[PDB]
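Protein chains in written order, with the working numbering: chain A, 13 to 513; chain B, 38 to 108.
In this text, a Cβ means the ideal position worked out from N, Cα and C, and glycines have one as well.
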Amino acid sequence: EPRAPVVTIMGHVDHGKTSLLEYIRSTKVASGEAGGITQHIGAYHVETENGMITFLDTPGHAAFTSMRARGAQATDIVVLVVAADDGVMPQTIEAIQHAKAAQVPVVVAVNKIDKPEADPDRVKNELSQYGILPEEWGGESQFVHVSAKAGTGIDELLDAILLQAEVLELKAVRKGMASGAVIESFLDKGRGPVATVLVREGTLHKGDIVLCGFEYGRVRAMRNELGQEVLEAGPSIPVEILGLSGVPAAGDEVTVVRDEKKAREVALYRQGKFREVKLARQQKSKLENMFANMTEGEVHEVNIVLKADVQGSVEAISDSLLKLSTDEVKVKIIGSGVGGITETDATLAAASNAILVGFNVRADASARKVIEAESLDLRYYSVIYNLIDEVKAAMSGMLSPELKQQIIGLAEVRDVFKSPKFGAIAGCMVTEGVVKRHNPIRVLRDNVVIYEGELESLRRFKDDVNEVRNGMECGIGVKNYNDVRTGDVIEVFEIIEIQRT
Amino acid sequence: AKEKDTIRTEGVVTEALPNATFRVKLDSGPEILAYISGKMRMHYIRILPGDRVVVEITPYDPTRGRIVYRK
RNA sequence: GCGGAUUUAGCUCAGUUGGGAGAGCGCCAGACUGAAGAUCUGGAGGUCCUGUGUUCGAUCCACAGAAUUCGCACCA
């Protein structure tokens, strides 16, 4: 009759959420203090009246708000992981805000007590230390100085959750309709399209009708009476692949079998409403206003790709990244090979789509060979940024070195001996300045400053040059007459306005 | 049904490209690919590489336009 | 620079008996045609490069000058 006191590991990033869980798991594998316990995809057990204590392996990118329920939080007791050297941070106060609103009794785990200067560490013992005192009481919370890697302070932490877990909420409830999310939309060997689920609160029955979210819209499906609808992982005894169960409870992982669930999406609710139709219209409606005035310019957008082991985790991180205002591209299921090339196709235009940003998914052997190129980055935790910085360095690296030509400045050129005339392709040596194309040519200051011609095209050996300086000696093409001679000193005409620079 | 998000902004002609296509520099900003209208091609009208023309631009494609008025 | 050629109607050119200023085209009109076109006809349309001189008289000859063009000469 007594169920599991649902607990979640809340706090700031890199404070010791995953590492505290790795020690409660290391003493679970070890004999004496525990033993042969059942494996769940992210949960453990119950108080002195049954097993151990259920720690929910928090949604992939510290979401916690997904672990909600019908009215409040899906968690009974909660454990807040804070750092000893840092103190209370902005994500720790966001954790206290979701703790007082859902009315869930919290315990504070002040992690990394092995990090402060000159502190002797006794492995796996009980601790007695103080620190962050202005934020504790009996009306507030009980603080315990723990070390996730060493294991000290864990004996009083599991005891502090026990003095807080003696409630009636482990029996009575579960009555309301099942609120949760799926895990994956895959194909089984003994059946067709199967769907594993994570249920936050409530009970699913063997003949329960559940509304699910597809690519198009809202379509419901009855849980198959013929065959096995509720399929849990068979207990430690070898028989058939899975086993039939009747009614799963709050905090259970179960593989469901229904009818048409082929185009059923990733990140859907176990009460459902999803579409790609709205997100395509919401993006097109804001892009139609941005392209009605934009009959002219450019700049532009985002990326990010989410994929998880659980959808109670995908839906969680999507809602948490939409809180940080970082938009998403793909939330589908598959690896790479054909995804690594579509990533390299969109890097040519704007490098803002240059990354195949993976998470909890396995990278293929055929994919590893196409990731060998550096132009594309591969992430297995997931974010962006580096993207809009790559295209910024692309256009800014080509606009600055392209300045050299124009402006009628001073330049003198002397025509060499025995060089042809018609459309005057004559060999000429530059004396001073930079003689450019389109620059006007004049006669000597000894005579009158009359218009002799203008430079057509300059040619140094083989190369067609625009600017000739110092004394390069090239084949100058110019529109001249008998006004030009061989060995004459020509000066470029500074128009009286451009003369005074 | 026809959408009314079509603009009638002016512009000056720049380059004379083949098959009745021009470069047309807009008085608003940059330049579009602007072709001559089916109304103007039937009434002939020879456009020189430097005339003032009104462009019928569609919001779906910024690079494409259409010459409506003659001079 | 020297030497030569050329300089007449809007254009293109003829015009040495020193005495008439002219042709084609064009332009305008007429005739005609339905009409327009062509064609035919008719008209207007000149500092004959400019000045001076020669002569009875000068587009026509002499002298001087200017302009065009060609050859030649000259050229850091």
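Closer than 8 Å at the C-beta level to chain B, one finds these residues of the region 293-305 of chain A: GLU300, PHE303 and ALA304. With respect to the C-alpha of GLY72(A), the residue from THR60(A), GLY54(A) and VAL58(A) having the closest C-alpha is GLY54(A).
Here the region 70-89 of chain A makes contact with the region 106-123 of chain A; the two share three or more CB pairs at distances below 8 Å.
Annotated three-state conformation of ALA379(A) is helix, per DSSP. DSSP places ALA245(A) in the uninterrupted beta strand (DSSP E) bounded by 242-245. Taking the CA atoms as reference points, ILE419(A) sits about 51 Å from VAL317(A). For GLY48(B), no chain A residue has a Cβ inside 7 Å of its Cβ, as the nearest lies near 12 Å away. Here DSSP, grouped into helix, strand and coil, assigns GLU288(A) to coil. Burial is judged here by how many other beta carbons sit within 10 angstroms of a residue's own beta carbon; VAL460(A) has fewer than 16 and is exposed. Counting only runs of at least 4 residues, the region 262-329 of chain A fully encloses the following alpha helix (DSSP H) elements, listed from N- to C-terminal order: 290-297. Annotated three-state conformation of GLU47(B) is strand, per DSSP. Counting of Cβ neighbours within 10 angstroms places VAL501(A) among the exposed residues, the total staying below 16. Bridge partners of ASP339(A) according to DSSP: none are assigned. Runs of the alpha helix (DSSP H) lying entirely within the region 52-118 of chain A, each at least 4 residues long, are 105-113 in chain order.
By the C-beta criterion, the region 215-230 of chain A is judged to be in contact with the region 268-288 of chain A, since at least 3 inter-stretch pairs fall below 8 Å. According to DSSP, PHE155(A) shares a beta bridge with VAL120(A). Residue-level contact by beta carbon holds for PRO96(B) and chain A, with a gap shorter than 8 Å. Taking each of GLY44(A), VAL403(A), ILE49(A) and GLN103(A) in turn and checking the Cα distance to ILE21(A), the smallest one comes out for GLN103(A). Counting only Cβ-Cβ distances below 9 Å, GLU308(A) has contacts in chain B at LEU63, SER65, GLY66, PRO67 and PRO99, in chain order. Counted as a single uninterrupted DSSP element, the stretch harbouring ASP495(A) is not any alpha helix (DSSP H), since DSSP gives it neither H nor E. Interface with chain A (8 Å Cβ-Cβ cutoff): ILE104(B) is excluded.
Collapsing the DSSP output to three states places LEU199(A) in a strand. Straight-line measurement puts the Cα of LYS296(A) at about 20 Å from the Cα of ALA358(A). Per DSSP, the unbroken alpha helix (DSSP H) holding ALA172(A) starts and ends at 169-172. Apart from sequence neighbours up to five positions away, the residues of its chain that approach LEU399(A) with a beta-carbon distance below 8 Å are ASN315, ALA363, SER364, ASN365, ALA366 and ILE367, ordered along the chain.
Under the DSSP assignment, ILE94(B) falls in the beta strand (DSSP E) whose first and last residues are 89-94.
Linking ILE507(A) to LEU456(A) through their CA atoms gives a straight-line distance of about 16 Å.
With respect to the 8 Å criterion, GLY347(A) and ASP389(A) are not classified as neighbours on the basis of their beta carbons.
Residue pairing by DSSP places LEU390(A) opposite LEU368(A) in a beta bridge.
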